[PDB]
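Enquirer: Sharing a structure here in structure tokens format.
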Amino acid sequence: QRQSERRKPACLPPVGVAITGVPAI
Amino acid sequence: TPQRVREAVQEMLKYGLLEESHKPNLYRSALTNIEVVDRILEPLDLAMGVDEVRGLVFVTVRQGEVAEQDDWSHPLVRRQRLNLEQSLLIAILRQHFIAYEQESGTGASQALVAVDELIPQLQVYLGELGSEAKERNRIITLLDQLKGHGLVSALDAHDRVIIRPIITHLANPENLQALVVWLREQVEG
Amino acid sequence: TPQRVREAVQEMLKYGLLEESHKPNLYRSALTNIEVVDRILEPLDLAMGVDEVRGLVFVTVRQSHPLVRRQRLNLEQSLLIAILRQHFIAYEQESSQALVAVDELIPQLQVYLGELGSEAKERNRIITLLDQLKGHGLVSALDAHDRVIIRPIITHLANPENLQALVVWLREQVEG
């Protein structure tokens with residue numbers, strides 16, 4: 001019932017990380 | 001450097017994963033050149049994970065000598081961190097994937113779950129809103145947030161979502177144990 | 001492989017440019033490790049170019065590249081690129097950072113694209129063009145006193161082929 005607790009970040013490594021959209025060029 | 005190896009590396013880095021069911025040629029090219037791919041990706045601080053049983057080639061953060069690099073401070077990482085609501089939704093989807101995988105045999109099949117089935121289970125924890133519209137909008141927002149991480153896909157015409165097998169590597173038992181310990185410490189004090 | 005070298009290479013490839021005024025430590029690390037950066041970027045068909053006059057370390061496609069996308073600009077952007085380039089040339093002939101006022105570029109654009117008859121239209125067009133050039137990383141953020149900062153990359157804007165095309169198009173627009 002607390003929004004702050006529900007939005008507290010957890011610890012899970014990123015899996016299947018794609019490219020950063022574009023090389024910014 | 002072989003052209004196929006370079007193309008497989010480019011596609012895998014662009015998308016984050018390669019599936020044999022859709023890209024069998026790229027999957028075989030990257031699978032047969034593990035040492036070359038590792039050598040190429042070593043300067044980038046990245047590592048490659050392969051699941052031949054499920055046919056997937058994904059990219060994760062390479063582990064250095066640093067005890068806690070946080071796996072999120074890598075310059076090439078673009079995505080945001082994960083909170084508790086999305087974590088519970090991911091755990092529920094993992095349970096659904098387990099249920100799908102238990103009674104499965106040979107043949108090409110997909111894990112599809114309707115939203116209405118998922119609504120009461122998440123209402124059990126989060127609670128229930130006055131109107132069904134509010135809960136439906138909240139669930140759609142959460143599903144869009146998780147689709148941004150590539151765990152699911154867009155809804156079809158029959159109000160269903162597809163659970164990608166990548167969650168199997170997201171909810172591997174080591175990460176599950178780590179998150180369980182962290183949440184237990186969060187509750188206890 | 002040194003951590004500083006990897007960080008400098010990653011940042012340089014992420015942004016495409018490195019300035020000592022912004023990242024002096026990374027600039028020194030890359031400038032003292034030319035051979036290491038060249039070896040790292042060799043399999044990627046990329047090379048490091050150094051401009052010690054302005055401290056600009058850029059990435060050039062050594063040799064139409066898998067990791068580099070080619071996009072063309074319109075005349076409404078080409079003429080503003082010419083205006084900013086000539087302003088920066090005038091500033092560097094005066095011998096820091098080239099400061100160009102927003103009101104400065106209004107007549108230089110109106111004499112070529114006509115007069116829209118409204119100050120609001122001129123301001124909106126100037127802001128949109130400046131933001132479009134910001135998308136390419138050619139200038140800095142707008143200042144409080146309606147001024148922008150021109151980056152040293154304008155010196156290394158492109159090869160003389162694009163400069164000749166730019167001057168030809170500018171002369172054509174002046175002809176009208």
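Letters A, B, ... go to the chains of the structure tokens in the order shown; residues in each chain start at 1; ligands are counted from 1 in the same order.
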Quick one: contact table of chain B to chain C, 12 Å max, nearest atom pair and distance in Å to one decimal per residue, counting only C-alpha atoms, chain and number order, as a Markdown table?

Expert:
```
| residue | atom | partner | partner_atom | distance |
| --- | --- | --- | --- | --- |
| B:1 | CA | C:43 | CA | 8.2 |
| B:2 | CA | C:43 | CA | 11.4 |
| B:3 | CA | C:66 | CA | 11.5 |
| B:6 | CA | C:44 | CA | 9.6 |
| B:7 | CA | C:66 | CA | 9.2 |
| B:9 | CA | C:44 | CA | 11.6 |
| B:10 | CA | C:66 | CA | 8.6 |
| B:11 | CA | C:66 | CA | 10.9 |
| B:13 | CA | C:67 | CA | 11.5 |
| B:14 | CA | C:67 | CA | 10.5 |
| B:39 | CA | C:43 | CA | 11.4 |
| B:40 | CA | C:43 | CA | 8.7 |
| B:41 | CA | C:40 | CA | 11.2 |
| B:42 | CA | C:1 | CA | 10.0 |
| B:43 | CA | C:6 | CA | 7.0 |
| B:44 | CA | C:10 | CA | 7.6 |
| B:45 | CA | C:6 | CA | 8.9 |
| B:64 | CA | C:3 | CA | 10.7 |
| B:65 | CA | C:3 | CA | 11.5 |
| B:66 | CA | C:3 | CA | 11.6 |
| B:73 | CA | C:7 | CA | 11.9 |
| B:74 | CA | C:7 | CA | 9.8 |
| B:75 | CA | C:10 | CA | 7.5 |
| B:76 | CA | C:14 | CA | 7.9 |
| B:77 | CA | C:14 | CA | 11.3 |
| B:78 | CA | C:14 | CA | 11.9 |
```

Enquirer: If you run DSSP over the backbone, which residues in stretch 6-168 of chain C end up strand (DSSP E)? Put them as a PyMOL selection string.

Expert: chain C and resi 17-19+47-51+56-60+98-101+147-150

Enquirer: Determine, for each residue of chain B having at least one atom at most 7 Å from an atom of chain A, the closest pair of atoms and their separation in Å to one decimal, counting only C-alpha atoms; order by chain and ascending number, as JSON lines.

Expert:
```
{"residue": "B:13", "atom": "CA", "partner": "A:19", "partner_atom": "CA", "distance": 5.6}
{"residue": "B:14", "atom": "CA", "partner": "A:19", "partner_atom": "CA", "distance": 4.5}
{"residue": "B:15", "atom": "CA", "partner": "A:18", "partner_atom": "CA", "distance": 4.7}
{"residue": "B:16", "atom": "CA", "partner": "A:18", "partner_atom": "CA", "distance": 3.6}
{"residue": "B:17", "atom": "CA", "partner": "A:16", "partner_atom": "CA", "distance": 5.8}
{"residue": "B:58", "atom": "CA", "partner": "A:16", "partner_atom": "CA", "distance": 5.0}
{"residue": "B:59", "atom": "CA", "partner": "A:16", "partner_atom": "CA", "distance": 5.1}
{"residue": "B:60", "atom": "CA", "partner": "A:15", "partner_atom": "CA", "distance": 5.6}
{"residue": "B:71", "atom": "CA", "partner": "A:13", "partner_atom": "CA", "distance": 6.0}
{"residue": "B:76", "atom": "CA", "partner": "A:20", "partner_atom": "CA", "distance": 6.2}
{"residue": "B:77", "atom": "CA", "partner": "A:20", "partner_atom": "CA", "distance": 6.7}
{"residue": "B:78", "atom": "CA", "partner": "A:20", "partner_atom": "CA", "distance": 5.5}
{"residue": "B:81", "atom": "CA", "partner": "A:9", "partner_atom": "CA", "distance": 6.4}
{"residue": "B:82", "atom": "CA", "partner": "A:9", "partner_atom": "CA", "distance": 5.3}
{"residue": "B:83", "atom": "CA", "partner": "A:9", "partner_atom": "CA", "distance": 3.9}
{"residue": "B:84", "atom": "CA", "partner": "A:6", "partner_atom": "CA", "distance": 5.1}
{"residue": "B:85", "atom": "CA", "partner": "A:6", "partner_atom": "CA", "distance": 5.4}
{"residue": "B:126", "atom": "CA", "partner": "A:1", "partner_atom": "CA", "distance": 6.8}
{"residue": "B:169", "atom": "CA", "partner": "A:15", "partner_atom": "CA", "distance": 6.9}
{"residue": "B:170", "atom": "CA", "partner": "A:15", "partner_atom": "CA", "distance": 5.7}
{"residue": "B:175", "atom": "CA", "partner": "A:12", "partner_atom": "CA", "distance": 6.4}
{"residue": "B:179", "atom": "CA", "partner": "A:11", "partner_atom": "CA", "distance": 6.1}
```

Enquirer: Those residues with N, CA and C atoms, as a PDB file, in the first residue's frame please?

Expert:
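Dumped to selection-v5.pdb:
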```
ATOM      1  N   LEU B  13      24.791  -7.639 -30.824  1.00  0.00           N
ATOM      2  CA  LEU B  13      24.951  -6.422 -30.037  1.00  0.00           C
ATOM      3  C   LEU B  13      23.793  -5.459 -30.267  1.00  0.00           C
ATOM      4  N   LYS B  14      23.304  -5.367 -31.507  1.00  0.00           N
ATOM      5  CA  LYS B  14      22.196  -4.466 -31.800  1.00  0.00           C
ATOM      6  C   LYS B  14      20.923  -4.893 -31.080  1.00  0.00           C
ATOM      7  N   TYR B  15      20.607  -6.188 -31.106  1.00  0.00           N
ATOM      8  CA  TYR B  15      19.355  -6.667 -30.534  1.00  0.00           C
ATOM      9  C   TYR B  15      19.492  -7.189 -29.113  1.00  0.00           C
ATOM     10  N   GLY B  16      20.699  -7.548 -28.682  1.00  0.00           N
ATOM     11  CA  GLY B  16      20.917  -8.097 -27.366  1.00  0.00           C
ATOM     12  C   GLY B  16      20.776  -9.599 -27.276  1.00  0.00           C
ATOM     13  N   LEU B  17      20.146 -10.228 -28.264  1.00  0.00           N
ATOM     14  CA  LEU B  17      19.982 -11.674 -28.264  1.00  0.00           C
ATOM     15  C   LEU B  17      19.735 -12.150 -29.688  1.00  0.00           C
ATOM     16  N   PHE B  58      22.534 -14.536 -25.774  1.00  0.00           N
ATOM     17  CA  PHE B  58      22.319 -13.223 -25.182  1.00  0.00           C
ATOM     18  C   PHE B  58      23.638 -12.613 -24.721  1.00  0.00           C
ATOM     19  N   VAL B  59      23.586 -11.320 -24.407  1.00  0.00           N
ATOM     20  CA  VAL B  59      24.756 -10.545 -24.009  1.00  0.00           C
ATOM     21  C   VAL B  59      24.520  -9.983 -22.615  1.00  0.00           C
ATOM     22  N   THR B  60      25.499 -10.168 -21.732  1.00  0.00           N
ATOM     23  CA  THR B  60      25.462  -9.650 -20.371  1.00  0.00           C
ATOM     24  C   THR B  60      26.738  -8.854 -20.108  1.00  0.00           C
ATOM     25  N   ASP B  71      26.835  -3.681 -12.243  1.00  0.00           N
ATOM     26  CA  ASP B  71      26.269  -4.185 -13.493  1.00  0.00           C
ATOM     27  C   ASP B  71      25.366  -3.168 -14.187  1.00  0.00           C
ATOM     28  N   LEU B  76      27.681   1.650 -21.817  1.00  0.00           N
ATOM     29  CA  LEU B  76      26.814   1.253 -22.919  1.00  0.00           C
ATOM     30  C   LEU B  76      25.433   0.798 -22.462  1.00  0.00           C
ATOM     31  N   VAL B  77      25.183   0.735 -21.159  1.00  0.00           N
ATOM     32  CA  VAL B  77      23.876   0.331 -20.648  1.00  0.00           C
ATOM     33  C   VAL B  77      22.921   1.513 -20.738  1.00  0.00           C
ATOM     34  N   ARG B  78      21.764   1.289 -21.364  1.00  0.00           N
ATOM     35  CA  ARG B  78      20.769   2.333 -21.557  1.00  0.00           C
ATOM     36  C   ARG B  78      19.529   2.175 -20.690  1.00  0.00           C
ATOM     37  N   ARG B  81      16.797   0.778 -13.958  1.00  0.00           N
ATOM     38  CA  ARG B  81      16.808  -0.300 -12.982  1.00  0.00           C
ATOM     39  C   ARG B  81      15.396  -0.847 -12.783  1.00  0.00           C
ATOM     40  N   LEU B  82      15.281  -1.870 -11.940  1.00  0.00           N
ATOM     41  CA  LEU B  82      14.031  -2.590 -11.735  1.00  0.00           C
ATOM     42  C   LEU B  82      13.567  -2.408 -10.297  1.00  0.00           C
ATOM     43  N   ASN B  83      12.295  -2.058 -10.127  1.00  0.00           N
ATOM     44  CA  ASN B  83      11.703  -1.862  -8.814  1.00  0.00           C
ATOM     45  C   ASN B  83      10.965  -3.126  -8.371  1.00  0.00           C
ATOM     46  N   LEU B  84      10.286  -3.030  -7.226  1.00  0.00           N
ATOM     47  CA  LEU B  84       9.680  -4.207  -6.611  1.00  0.00           C
ATOM     48  C   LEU B  84       8.399  -4.650  -7.310  1.00  0.00           C
ATOM     49  N   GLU B  85       7.592  -3.708  -7.804  1.00  0.00           N
ATOM     50  CA  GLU B  85       6.354  -4.076  -8.486  1.00  0.00           C
ATOM     51  C   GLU B  85       6.649  -4.863  -9.760  1.00  0.00           C
ATOM     52  N   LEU B 126      -0.897  -6.228  -4.589  1.00  0.00           N
ATOM     53  CA  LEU B 126      -1.016  -4.775  -4.685  1.00  0.00           C
ATOM     54  C   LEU B 126      -2.306  -4.273  -4.050  1.00  0.00           C
ATOM     55  N   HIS B 169      16.673 -16.692 -18.245  1.00  0.00           N
ATOM     56  CA  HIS B 169      17.991 -16.227 -17.838  1.00  0.00           C
ATOM     57  C   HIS B 169      17.929 -15.004 -16.934  1.00  0.00           C
ATOM     58  N   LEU B 170      16.802 -14.291 -16.918  1.00  0.00           N
ATOM     59  CA  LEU B 170      16.642 -13.185 -15.982  1.00  0.00           C
ATOM     60  C   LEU B 170      16.336 -13.692 -14.580  1.00  0.00           C
ATOM     61  N   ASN B 175      20.305 -15.462  -9.474  1.00  0.00           N
ATOM     62  CA  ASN B 175      19.676 -14.155  -9.321  1.00  0.00           C
ATOM     63  C   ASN B 175      18.459 -14.237  -8.412  1.00  0.00           C
ATOM     64  N   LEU B 179      18.150 -12.016  -5.031  1.00  0.00           N
ATOM     65  CA  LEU B 179      17.026 -11.112  -4.814  1.00  0.00           C
ATOM     66  C   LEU B 179      16.216 -11.518  -3.590  1.00  0.00           C
TER      67      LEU B 179
END
```

Enquirer: Which residues come within 9 Å of stretch 73-90 of chain C, counting only C-alpha atoms, excluding same-chain residues fewer than 2 positions away, as a PDB file with N, CA, C and O atoms, in the first residue's frame?

Expert:
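Generated file (around.pdb):
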```
ATOM      1  N   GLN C  71      23.655  10.238 -43.680  1.00  0.00           N
ATOM      2  CA  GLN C  71      22.425  11.004 -43.800  1.00  0.00           C
ATOM      3  C   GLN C  71      22.742  12.369 -44.393  1.00  0.00           C
ATOM      4  O   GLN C  71      23.761  12.981 -44.056  1.00  0.00           O
ATOM      5  N   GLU C  92      38.091  32.489 -34.828  1.00  0.00           N
ATOM      6  CA  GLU C  92      39.417  31.913 -34.632  1.00  0.00           C
ATOM      7  C   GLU C  92      40.500  32.768 -35.277  1.00  0.00           C
ATOM      8  O   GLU C  92      41.645  32.765 -34.812  1.00  0.00           O
ATOM      9  N   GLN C  93      40.167  33.495 -36.347  1.00  0.00           N
ATOM     10  CA  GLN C  93      41.117  34.453 -36.901  1.00  0.00           C
ATOM     11  C   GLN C  93      41.398  35.576 -35.912  1.00  0.00           C
ATOM     12  O   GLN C  93      42.492  36.154 -35.918  1.00  0.00           O
ATOM     13  N   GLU C  94      40.431  35.891 -35.055  1.00  0.00           N
ATOM     14  CA  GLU C  94      40.617  36.864 -33.981  1.00  0.00           C
ATOM     15  C   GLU C  94      41.403  36.190 -32.864  1.00  0.00           C
ATOM     16  O   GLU C  94      40.848  35.434 -32.062  1.00  0.00           O
ATOM     17  N   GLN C  97      35.969  30.229 -26.840  1.00  0.00           N
ATOM     18  CA  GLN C  97      34.810  29.622 -27.479  1.00  0.00           C
ATOM     19  C   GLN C  97      34.039  30.676 -28.263  1.00  0.00           C
ATOM     20  O   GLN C  97      33.796  31.778 -27.760  1.00  0.00           O
ATOM     21  N   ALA C  98      33.657  30.333 -29.490  1.00  0.00           N
ATOM     22  CA  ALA C  98      32.937  31.265 -30.347  1.00  0.00           C
ATOM     23  C   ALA C  98      31.494  31.395 -29.876  1.00  0.00           C
ATOM     24  O   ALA C  98      30.735  30.420 -29.893  1.00  0.00           O
ATOM     25  N   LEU C  99      31.117  32.601 -29.460  1.00  0.00           N
ATOM     26  CA  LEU C  99      29.766  32.891 -28.999  1.00  0.00           C
ATOM     27  C   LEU C  99      29.007  33.595 -30.118  1.00  0.00           C
ATOM     28  O   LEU C  99      29.425  34.662 -30.581  1.00  0.00           O
ATOM     29  N   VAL C 100      27.897  33.001 -30.546  1.00  0.00           N
ATOM     30  CA  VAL C 100      27.082  33.538 -31.630  1.00  0.00           C
ATOM     31  C   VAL C 100      25.702  33.852 -31.072  1.00  0.00           C
ATOM     32  O   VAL C 100      25.028  32.963 -30.537  1.00  0.00           O
ATOM     33  N   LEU C 105      22.002  35.613 -36.313  1.00  0.00           N
ATOM     34  CA  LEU C 105      21.687  34.721 -37.421  1.00  0.00           C
ATOM     35  C   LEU C 105      20.356  35.035 -38.092  1.00  0.00           C
ATOM     36  O   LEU C 105      20.073  34.466 -39.151  1.00  0.00           O
ATOM     37  N   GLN C 108      21.118  36.933 -41.478  1.00  0.00           N
ATOM     38  CA  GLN C 108      21.864  36.052 -42.371  1.00  0.00           C
ATOM     39  C   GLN C 108      20.973  34.962 -42.950  1.00  0.00           C
ATOM     40  O   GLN C 108      21.227  34.475 -44.056  1.00  0.00           O
ATOM     41  N   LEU C 109      19.935  34.566 -42.219  1.00  0.00           N
ATOM     42  CA  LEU C 109      18.971  33.602 -42.728  1.00  0.00           C
ATOM     43  C   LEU C 109      17.866  34.260 -43.542  1.00  0.00           C
ATOM     44  O   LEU C 109      17.378  33.661 -44.509  1.00  0.00           O
ATOM     45  N   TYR C 112      18.520  35.126 -47.304  1.00  0.00           N
ATOM     46  CA  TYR C 112      18.563  33.969 -48.191  1.00  0.00           C
ATOM     47  C   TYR C 112      17.229  33.253 -48.318  1.00  0.00           C
ATOM     48  O   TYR C 112      16.858  32.847 -49.422  1.00  0.00           O
ATOM     49  N   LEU C 113      16.492  33.089 -47.221  1.00  0.00           N
ATOM     50  CA  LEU C 113      15.201  32.415 -47.241  1.00  0.00           C
ATOM     51  C   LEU C 113      14.031  33.389 -47.242  1.00  0.00           C
ATOM     52  O   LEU C 113      12.889  32.971 -47.027  1.00  0.00           O
ATOM     53  N   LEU C 129      16.369  25.295 -36.123  1.00  0.00           N
ATOM     54  CA  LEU C 129      17.613  24.976 -36.818  1.00  0.00           C
ATOM     55  C   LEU C 129      18.757  24.738 -35.836  1.00  0.00           C
ATOM     56  O   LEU C 129      19.574  23.828 -36.032  1.00  0.00           O
ATOM     57  N   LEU C 130      18.831  25.544 -34.774  1.00  0.00           N
ATOM     58  CA  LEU C 130      19.870  25.348 -33.769  1.00  0.00           C
ATOM     59  C   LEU C 130      19.713  24.004 -33.073  1.00  0.00           C
ATOM     60  O   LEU C 130      20.705  23.322 -32.803  1.00  0.00           O
ATOM     61  N   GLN C 132      18.293  21.347 -34.411  1.00  0.00           N
ATOM     62  CA  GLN C 132      18.672  20.350 -35.408  1.00  0.00           C
ATOM     63  C   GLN C 132      20.184  20.180 -35.461  1.00  0.00           C
ATOM     64  O   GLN C 132      20.688  19.053 -35.542  1.00  0.00           O
ATOM     65  N   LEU C 133      20.924  21.289 -35.418  1.00  0.00           N
ATOM     66  CA  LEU C 133      22.380  21.193 -35.370  1.00  0.00           C
ATOM     67  C   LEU C 133      22.862  20.618 -34.042  1.00  0.00           C
ATOM     68  O   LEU C 133      23.910  19.963 -33.996  1.00  0.00           O
ATOM     69  N   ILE C 150      30.027  27.626 -30.273  1.00  0.00           N
ATOM     70  CA  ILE C 150      30.431  26.828 -31.425  1.00  0.00           C
ATOM     71  C   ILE C 150      31.605  25.945 -31.028  1.00  0.00           C
ATOM     72  O   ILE C 150      32.630  26.437 -30.540  1.00  0.00           O
ATOM     73  N   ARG C 151      31.455  24.637 -31.236  1.00  0.00           N
ATOM     74  CA  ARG C 151      32.474  23.667 -30.872  1.00  0.00           C
ATOM     75  C   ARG C 151      33.624  23.679 -31.880  1.00  0.00           C
ATOM     76  O   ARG C 151      33.444  24.073 -33.035  1.00  0.00           O
ATOM     77  N   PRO C 152      34.819  23.252 -31.460  1.00  0.00           N
ATOM     78  CA  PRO C 152      35.949  23.181 -32.404  1.00  0.00           C
ATOM     79  C   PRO C 152      35.739  22.196 -33.542  1.00  0.00           C
ATOM     80  O   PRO C 152      36.457  22.277 -34.548  1.00  0.00           O
ATOM     81  N   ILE C 154      33.735  22.204 -35.757  1.00  0.00           N
ATOM     82  CA  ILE C 154      33.424  22.921 -36.989  1.00  0.00           C
ATOM     83  C   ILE C 154      34.661  23.051 -37.868  1.00  0.00           C
ATOM     84  O   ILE C 154      34.558  23.061 -39.102  1.00  0.00           O
ATOM     85  N   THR C 155      35.847  23.137 -37.259  1.00  0.00           N
ATOM     86  CA  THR C 155      37.078  23.107 -38.044  1.00  0.00           C
ATOM     87  C   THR C 155      37.211  21.789 -38.795  1.00  0.00           C
ATOM     88  O   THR C 155      37.614  21.767 -39.964  1.00  0.00           O
ATOM     89  N   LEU C 157      34.677  19.905 -39.694  1.00  0.00           N
ATOM     90  CA  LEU C 157      33.307  19.619 -40.112  1.00  0.00           C
ATOM     91  C   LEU C 157      33.262  18.486 -41.127  1.00  0.00           C
ATOM     92  O   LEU C 157      32.524  17.509 -40.953  1.00  0.00           O
ATOM     93  N   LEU C 163      32.977  21.080 -48.181  1.00  0.00           N
ATOM     94  CA  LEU C 163      33.154  22.529 -48.145  1.00  0.00           C
ATOM     95  C   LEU C 163      32.914  23.154 -49.516  1.00  0.00           C
ATOM     96  O   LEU C 163      32.287  24.216 -49.621  1.00  0.00           O
ATOM     97  N   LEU C 166      29.304  23.090 -50.155  1.00  0.00           N
ATOM     98  CA  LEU C 166      28.670  24.093 -49.309  1.00  0.00           C
ATOM     99  C   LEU C 166      28.802  25.487 -49.907  1.00  0.00           C
ATOM    100  O   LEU C 166      27.832  26.251 -49.943  1.00  0.00           O
ATOM    101  N   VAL C 167      30.000  25.840 -50.378  1.00  0.00           N
ATOM    102  CA  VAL C 167      30.191  27.174 -50.941  1.00  0.00           C
ATOM    103  C   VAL C 167      29.438  27.312 -52.260  1.00  0.00           C
ATOM    104  O   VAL C 167      28.886  28.378 -52.563  1.00  0.00           O
ATOM    105  N   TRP C 169      26.595  25.774 -53.016  1.00  0.00           N
ATOM    106  CA  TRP C 169      25.186  25.931 -52.667  1.00  0.00           C
ATOM    107  C   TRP C 169      24.910  27.308 -52.076  1.00  0.00           C
ATOM    108  O   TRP C 169      23.850  27.895 -52.326  1.00  0.00           O
ATOM    109  N   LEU C 170      25.847  27.839 -51.286  1.00  0.00           N
ATOM    110  CA  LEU C 170      25.686  29.185 -50.750  1.00  0.00           C
ATOM    111  C   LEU C 170      25.657  30.222 -51.865  1.00  0.00           C
ATOM    112  O   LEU C 170      24.838  31.147 -51.841  1.00  0.00           O
ATOM    113  N   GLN C 173      22.294  29.980 -53.588  1.00  0.00           N
ATOM    114  CA  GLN C 173      21.243  30.619 -52.803  1.00  0.00           C
ATOM    115  C   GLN C 173      21.355  32.138 -52.860  1.00  0.00           C
ATOM    116  O   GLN C 173      20.338  32.839 -52.919  1.00  0.00           O
TER     117      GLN C 173
END
```

Enquirer: Would you kindly return, as a VMD selection string, each protein, DNA or RNA residue with an atom no farther than 10 Å from any atom of residue B:55, considering only C-alpha atoms and excluding same-chain residues fewer than 4 positions away?

Expert: chain B and resid 18 to 21 24 27 to 28 31 50 to 51 165

Enquirer: Residues of chain A in alpha helix (DSSP H) according to DSSP, as a PyMOL selection string?

Expert: chain A and resi 3-6

Enquirer: Keeping only N, CA and C atoms, write the selected residues as a PDB file, in the first residue's frame.

Expert:
```
ATOM      1  N   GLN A   3       3.562   3.516  -2.134  1.00  0.00           N
ATOM      2  CA  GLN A   3       4.180   3.710  -3.441  1.00  0.00           C
ATOM      3  C   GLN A   3       5.700   3.735  -3.347  1.00  0.00           C
ATOM      4  N   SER A   4       6.242   4.296  -2.263  1.00  0.00           N
ATOM      5  CA  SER A   4       7.692   4.384  -2.118  1.00  0.00           C
ATOM      6  C   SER A   4       8.330   3.001  -2.042  1.00  0.00           C
ATOM      7  N   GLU A   5       7.725   2.087  -1.280  1.00  0.00           N
ATOM      8  CA  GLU A   5       8.256   0.730  -1.195  1.00  0.00           C
ATOM      9  C   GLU A   5       8.145   0.005  -2.530  1.00  0.00           C
ATOM     10  N   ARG A   6       7.021   0.178  -3.231  1.00  0.00           N
ATOM     11  CA  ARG A   6       6.825  -0.510  -4.502  1.00  0.00           C
ATOM     12  C   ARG A   6       7.798  -0.023  -5.569  1.00  0.00           C
TER      13      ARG A   6
END
```

Enquirer: Mind listing as a PDB file with C-alpha atoms, in the first residue's frame which residues of chain C are within 9 Å of chain A, counting only C-alpha atoms?

Expert:
```
ATOM      1  CA  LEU C  13      33.136   5.859 -29.631  1.00  0.00           C
ATOM      2  CA  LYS C  14      29.942   6.708 -27.723  1.00  0.00           C
ATOM      3  CA  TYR C  15      30.179  10.445 -28.450  1.00  0.00           C
ATOM      4  CA  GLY C  16      32.446  10.604 -31.504  1.00  0.00           C
ATOM      5  CA  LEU C  67      28.713   1.188 -37.791  1.00  0.00           C
ATOM      6  CA  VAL C  68      28.446   4.591 -39.531  1.00  0.00           C
ATOM      7  CA  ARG C  69      25.202   5.821 -41.097  1.00  0.00           C
ATOM      8  CA  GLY C 135      21.237  16.792 -32.776  1.00  0.00           C
ATOM      9  CA  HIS C 136      24.502  16.516 -34.726  1.00  0.00           C
ATOM     10  CA  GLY C 137      26.618  17.787 -31.819  1.00  0.00           C
TER      11      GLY C 137
END
```

Enquirer: I'd like the contact shell of stretch 23-36 of chain C - 8 Å cut-off, only C-alpha atoms, skipping same-chain residues fewer than 4 positions apart - returned as a ChimeraX atom specification.

Expert: /C:4-5,7-9,18-19,40,48,50,55,57

Enquirer: Quick one: write out the picked residues with N, CA and C atoms as a PDB file, in the first residue's frame?

Expert:
```pdb
ATOM      1  N   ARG C   4      41.732   3.211 -17.774  1.00  0.00           N
ATOM      2  CA  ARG C   4      41.586   4.537 -18.368  1.00  0.00           C
ATOM      3  C   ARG C   4      41.523   4.461 -19.888  1.00  0.00           C
ATOM      4  N   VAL C   5      42.345   3.602 -20.494  1.00  0.00           N
ATOM      5  CA  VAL C   5      42.342   3.468 -21.949  1.00  0.00           C
ATOM      6  C   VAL C   5      40.990   2.957 -22.433  1.00  0.00           C
ATOM      7  N   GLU C   7      38.102   3.179 -20.863  1.00  0.00           N
ATOM      8  CA  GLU C   7      37.095   4.209 -20.632  1.00  0.00           C
ATOM      9  C   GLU C   7      37.159   5.289 -21.703  1.00  0.00           C
ATOM     10  N   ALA C   8      38.369   5.726 -22.058  1.00  0.00           N
ATOM     11  CA  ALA C   8      38.519   6.743 -23.090  1.00  0.00           C
ATOM     12  C   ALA C   8      38.017   6.242 -24.436  1.00  0.00           C
ATOM     13  N   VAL C   9      38.353   4.998 -24.794  1.00  0.00           N
ATOM     14  CA  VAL C   9      37.907   4.447 -26.072  1.00  0.00           C
ATOM     15  C   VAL C   9      36.387   4.345 -26.105  1.00  0.00           C
ATOM     16  N   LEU C  18      36.183  14.049 -28.409  1.00  0.00           N
ATOM     17  CA  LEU C  18      36.792  14.206 -27.095  1.00  0.00           C
ATOM     18  C   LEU C  18      37.521  15.539 -27.050  1.00  0.00           C
ATOM     19  N   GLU C  19      37.197  16.360 -26.056  1.00  0.00           N
ATOM     20  CA  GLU C  19      37.809  17.670 -25.889  1.00  0.00           C
ATOM     21  C   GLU C  19      38.490  17.734 -24.530  1.00  0.00           C
ATOM     22  N   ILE C  40      43.132  -1.002 -30.797  1.00  0.00           N
ATOM     23  CA  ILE C  40      41.782  -1.354 -30.369  1.00  0.00           C
ATOM     24  C   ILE C  40      40.780  -1.103 -31.490  1.00  0.00           C
ATOM     25  N   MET C  48      41.712   7.056 -34.935  1.00  0.00           N
ATOM     26  CA  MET C  48      41.674   8.224 -34.066  1.00  0.00           C
ATOM     27  C   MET C  48      42.463   9.359 -34.706  1.00  0.00           C
ATOM     28  N   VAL C  50      43.786  13.316 -34.155  1.00  0.00           N
ATOM     29  CA  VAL C  50      44.135  14.223 -33.069  1.00  0.00           C
ATOM     30  C   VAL C  50      44.363  15.613 -33.644  1.00  0.00           C
ATOM     31  N   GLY C  55      42.649  20.623 -29.204  1.00  0.00           N
ATOM     32  CA  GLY C  55      42.442  19.488 -28.317  1.00  0.00           C
ATOM     33  C   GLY C  55      41.250  18.635 -28.690  1.00  0.00           C
ATOM     34  N   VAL C  57      39.885  15.196 -30.285  1.00  0.00           N
ATOM     35  CA  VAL C  57      40.156  13.813 -30.658  1.00  0.00           C
ATOM     36  C   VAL C  57      38.873  13.252 -31.254  1.00  0.00           C
TER      37      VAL C  57
END
```
